[PDB]
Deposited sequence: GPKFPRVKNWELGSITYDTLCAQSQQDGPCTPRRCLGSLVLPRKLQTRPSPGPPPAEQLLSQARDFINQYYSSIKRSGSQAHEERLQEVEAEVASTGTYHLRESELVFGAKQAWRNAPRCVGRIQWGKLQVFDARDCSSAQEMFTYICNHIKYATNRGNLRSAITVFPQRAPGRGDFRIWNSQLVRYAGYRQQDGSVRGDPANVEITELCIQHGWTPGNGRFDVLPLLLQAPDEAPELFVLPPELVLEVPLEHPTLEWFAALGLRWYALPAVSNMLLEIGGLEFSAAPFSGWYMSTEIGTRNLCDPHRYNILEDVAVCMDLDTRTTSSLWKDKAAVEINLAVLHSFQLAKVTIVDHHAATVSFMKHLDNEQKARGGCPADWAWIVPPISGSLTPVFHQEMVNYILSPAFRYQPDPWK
């Protein structure tokens, strides 16, 4: 019926009634739970109902529900869909839908911010070089000289028979992954495949550990085009430790803008295949996952040895000790270069709050517990002790197959 959600630190309890608004289905069934899985796997009347629904959400949003503008706007969709098999959104609606899609992202812990979102309408894009410009402006704006501002740029919606506008990169900014001689990897290992694809389309490789990749933009039914980002637009932070003078000597650095760009944005039945978004980092994304994942830059042991720790046995907790300093380094550095960042403590505190604001406003909030809880010190944060319910609401950000 309705799930009972309990917080074991405060002993408080709520009842998620929002989950009932879930139209789309998840991986789990009563026989078994697959919530820890990272990845998973729409005709005439389906669209119309998704559209009506979203238009209803829109007008309830501005309070002018069931009014005239609503009834008429509902006729516009009906008419357009019935004649062309599809329809279009209006700037204001698109702005509402985007914000909604972010508000419903179950894996996002920065949703307390869902209200302030700079929505750029790039639906009038007709070429990869045009895409490049939009993408470049997003960056200038979002970055704001280290004073980050969450933004999104929405490109032409998908269309039957025509190919999808796509940004081939995972994020607008990433470091190359050069699979070398001995099967080893120089740079960021999660970017080997994409770094090759760029070379293959005529990119002159590099030889560093932090070579900022070029963007492959794709306009409908046309092979992808290569564009280089103006070194100036791409802000970066040099990592140095507060008390460890020797840290900086590691040359570690990381870009300031986190901007996923391969996710599909779905609103009122429409699918936007290229709609990059960015807010700001949570220290642990850089210091824990990006730099300490064994299959990433995996610098855990180096910093360990540098700290003269006992890498001999696990029980010395060298890994833990080293991981904490690496995160501290990030927080210090970013805070030194006056670039927006939020540690996992402050961040989870705010999400905890967001769950409260949401409990009041919608009777619940979708959350993926395994993703909301930081990669280090989970139990030390309020979120670890909070039960969560996870379901799919729309508007929504979804995953989509790579364009190759």
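- Residues 1-2, 44-53, 417 of the deposited sequence have no C-alpha coordinates in the model.
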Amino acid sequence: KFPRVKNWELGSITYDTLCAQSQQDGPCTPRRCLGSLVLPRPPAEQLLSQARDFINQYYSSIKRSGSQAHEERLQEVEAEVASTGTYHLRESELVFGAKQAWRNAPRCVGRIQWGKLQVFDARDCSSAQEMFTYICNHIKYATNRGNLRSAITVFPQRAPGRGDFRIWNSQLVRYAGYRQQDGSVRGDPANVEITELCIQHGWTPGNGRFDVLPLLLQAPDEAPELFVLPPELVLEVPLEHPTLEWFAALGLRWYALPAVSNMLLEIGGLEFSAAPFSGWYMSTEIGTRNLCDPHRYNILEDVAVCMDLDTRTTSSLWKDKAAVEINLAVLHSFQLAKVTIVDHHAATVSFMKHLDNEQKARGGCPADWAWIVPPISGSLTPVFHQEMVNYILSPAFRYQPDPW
From here on, numbers count along this sequence of modelled residues.
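Rigid core: the largest C-alpha set superposing within 1.5 Å between the two forms.
- Of the two stretches examined, 295-303 and 158-166, the one with higher mean CA deviation in 9 other deposited structures of this protein after a rigid core fit is 158-166.
- Greater average departure of CA atoms from the shown form, over structures and residues in 9 other deposited structures of this protein after a core fit, characterises 1-9 among 1-9 and 393-401.
- Checked against the other entries of this protein, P375 counts as resolved in every one of those spanning it, not missing from a third of them.
- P42, though modelled here, lacks coordinates in at least a third of the other entries of this protein that were compared and that model residues flanking it.
- The mean Cα B-factor in the deposited entry runs higher for 234-242 than for the other of 101-109 and 234-242.
- The mean Cα B-factor in the deposited entry runs higher for 52-60 than for the other of 344-352 and 52-60.
- Sorting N262, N290, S184, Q218 by the CA temperature factor given in the entry leaves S184 at the top.
- For the set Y178, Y255, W114, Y281, the PDB entry puts the maximum C-alpha B factor at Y178.
- Among all modelled residues in this chain, the alpha-carbon of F210 has a temperature factor (C-alpha) in the highest third.
- Placement of the Cα temperature factor of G268 within the chain: lowest third of the modelled residues, per the deposited record.
- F155: CA B factor lies in the lowest third for its chain, per the PDB record.
- Among the modelled residues of the chain, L10 sits in the middle third by CA temperature factor in this PDB entry.
- Sort the chain's modelled residues by C-alpha temperature factor and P30 lands in the highest third, per the entry.
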